[PDB]
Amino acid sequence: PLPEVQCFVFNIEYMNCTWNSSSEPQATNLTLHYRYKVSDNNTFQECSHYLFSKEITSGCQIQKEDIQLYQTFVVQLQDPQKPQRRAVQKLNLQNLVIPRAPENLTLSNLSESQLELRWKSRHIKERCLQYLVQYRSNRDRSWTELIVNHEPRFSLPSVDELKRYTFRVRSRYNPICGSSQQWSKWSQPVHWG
């Protein structure tokens, strides 16, 4: 029984595939090979940059040069000593993308009544991402959350001048460019009041 590899594409900049080396009684130092489901260009390639846990391979890192989101990614873990001891996995990369937290949040006074929130994305296109805005007032009440789709702008039609508002957003690679379900880390909060 070999540990299952878990891959995550981070902001479509680099891919970190890792396996749990503690499952085996003796660290056998496994090897990872990958290829893509594309015809006439199909053959495996050994991991160029291995990750390490106690001088034993903990995982593998794949750079953007070797990342094709919309071609089925076939990863294969194997024991170098015993070749018959191998595990293969079929991964859709566009459903495993975790974005980097949105940055450059800006609040603007659209009117004396309403204010607008705008943010940006580092690497991924704004068309692809799906955002989740959270805002709460000076009362420190529970966050009021709602999802904005594919446009990095959020509207607050009515505001209380006495109350102090806070804002934070996080993105997701879903649903038109990928089907990823993991939300990104929260942005740095932006306050008004």
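Position 1 is the first residue in the sequence shown; the rest follow in order.
Undergrad: Regarding 140-148 and 24-32, which shows the higher C-alpha temperature factor on average in the entry?
TA: Between 140-148 and 24-32, it is 24-32.
Undergrad: Please work out which of 69-77 and 108-116 has the higher mean CA B-factor as recorded in the PDB entry.
TA: According to the PDB entry, the answer is 108-116.
Undergrad: Sort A101, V88, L93, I98 by C-alpha B-factor from the entry and give me just the highest.
TA: Largest recorded C-alpha B-factor: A101.
Undergrad: Select lowest, middle or highest to describe the third in which the CA B-factor of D160 falls within its chain in this entry.
TA: Middle third of the chain for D160's C-alpha B-factor.
Undergrad: Please place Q130 in the lowest, middle or highest third of its chain according to the CA B-factor in the PDB entry.
TA: Answer is lowest: the recorded C-alpha B-factor places it there.
Undergrad: Of the three thirds of its chain by CA temperature factor, lowest, middle or highest, which one includes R153?
TA: Bottom third by C-alpha B-factor.
Undergrad: Should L51 be placed in the lowest, middle or highest third of its chain by the C-alpha B factor in the entry?
TA: Middle third by C-alpha B-factor.
Undergrad: Looking at the temperature factor on the CA atom of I62, which third of the chain's modelled residues does it land in?
TA: It falls in the bottom third of the chain.
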